[PDB]
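Note sheet for the following structure.
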Amino acid sequence: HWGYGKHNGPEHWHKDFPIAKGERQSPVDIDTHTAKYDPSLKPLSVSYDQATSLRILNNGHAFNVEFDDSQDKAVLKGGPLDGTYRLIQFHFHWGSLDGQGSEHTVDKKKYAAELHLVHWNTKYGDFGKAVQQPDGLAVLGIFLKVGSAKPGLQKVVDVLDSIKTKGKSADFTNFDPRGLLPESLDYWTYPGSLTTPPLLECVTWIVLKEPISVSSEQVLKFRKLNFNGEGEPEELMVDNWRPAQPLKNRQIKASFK
Ligand SMILES: NS(=O)(=O)c1ccc(C(=O)NCC(F)(F)F)cc1
Ligand SMILES: [Zn+2]
């Protein structure tokens, strides 16, 4: 179906998913001079102490670390959000080279990669109902730059060999996603969409200002993954990012002065 190549990449997606040309698409460029500080924005509450990771899956577009979301364990609250959003999975988008890979950009600057921690609003009961609602998801986005290693990422990098190709999964219990956060939780926020088909307009985006640093060796391991299934021709999983989309009639708000 859809993917990231010239024949099936982002510029094609609108033919099967016409919302691609919609009014609240993601990602976007964050213009730091135009985003306005909103003193009414609350601190984010990231409550991940009770997180229960279960499995890691190569789905042919990225790899997802999945959590048990059958109760209010790992949740995101506060900031621009009303109510409680449960962590369901995280994944990354990254580049073939260090100068590209993020989906959001900051003053047109691309980072090497971007982590998305995906949460759904518990008022809608299940994830499939939530993605049908304009306030159904909250995705916490964190930029990755290349520098020092991120110790809390190494457990993820070391299992990637076992899920090299599409449809492979592995047990992945006891992973603590607090080890992927930066020091500061200052953020930008705007209403947007899923960045992969079906491109549903159901996301409150919360993008942290402070990137995390990962090492060149860590990001090199992401780039050894494959988009293809086992035995099929090898296509390295790189450049699985959607470019910035028109901001249209939206305002990006900053939590910080
Ligand atoms: N974080 S993100 O890249 O915008 C992103 C997060 C989640 C999903 C997702 O659950 N797609 C499967 C669904 F909902 F069945 F359509 C897609 C994109
Ligand atoms: Zn994503």
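Sequence positions in the sequence shown follow PDB author numbering and run 4 to 125, 127 to 261. Ideal placement from N, C-alpha and C gives every residue a C-beta, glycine not left out.
Residue i versus residue j - alpha carbon distance
i           : j           : result
residue 100 : residue 115 : 7 Å
residue 211 : residue 141 : 14 Å
residue 4   : residue 42  : 44 Å
residue 29  : residue 202 : 12 Å
residue 175 : residue 57  : 6 Å
residue 34  : residue 147 : 15 Å
residue 139 : residue 94  : 21 Å
residue 136 : residue 80  : 20 Å
residue 209 : residue 193 : 5 Å
residue 20  : residue 205 : 12 Å
residue 109 : residue 191 : 12 Å
residue 222 : residue 14  : 29 Å
residue 226 : residue 181 : 17 Å
residue 213 : residue 207 : 18 Å
residue 10  : residue 52  : 43 Å
residue 274 : residue 89  : Lying outside 4 to 261, the shown extent of the chain, residue 274 is not represented and no answer is given.
residue 188 : residue 85  : 22 Å
For residue i, three-class secondary structure by DSSP
i           : result
residue 255 : coil
residue 162 : helix
residue 80  : strand
residue 24  : helix
residue 69  : strand
residue 132 : helix
residue 220 : helix
residue 170 : coil
residue 157 : helix
residue 104 : coil
Residue i Cβ short of 7 Å to ligand 2 heavy atom set
i           : result
residue 279 : Nothing can be reported for residue 279, as the shown portion of the chain is limited to 4 through 261.
residue 169 : no
residue 125 : no
In DSSP terms, what residue i is bridged to
i           : result
residue 117 : 96 and 147
residue 56  : 70
residue 191 : 212
residue 123 : 89 and 141
Heavy atom of ligand 1 within 7 Å of residue i beta-carbon
i           : result
residue 247 : no
residue 193 : no
residue 60  : no
residue 202 : yes
Residue i: CB within 7 Å of a non-hydrogen atom of ligand 3
i           : result
residue 208 : As far as ligands go, the structure on display features ligand 1 and ligand 2 and does not contain ligand 3.
Report task. Would you check if the segment 146 to 158 and the segment 216 to 229 touch, i.e. whether three or more CB-CB distances between them fall below 8 Å? Result -> Remark: three or more beta-carbon pairs, one from each stretch, lie closer than 8 Å, so the segment 216 to 229 and the segment 146 to 158 are flagged as touching.
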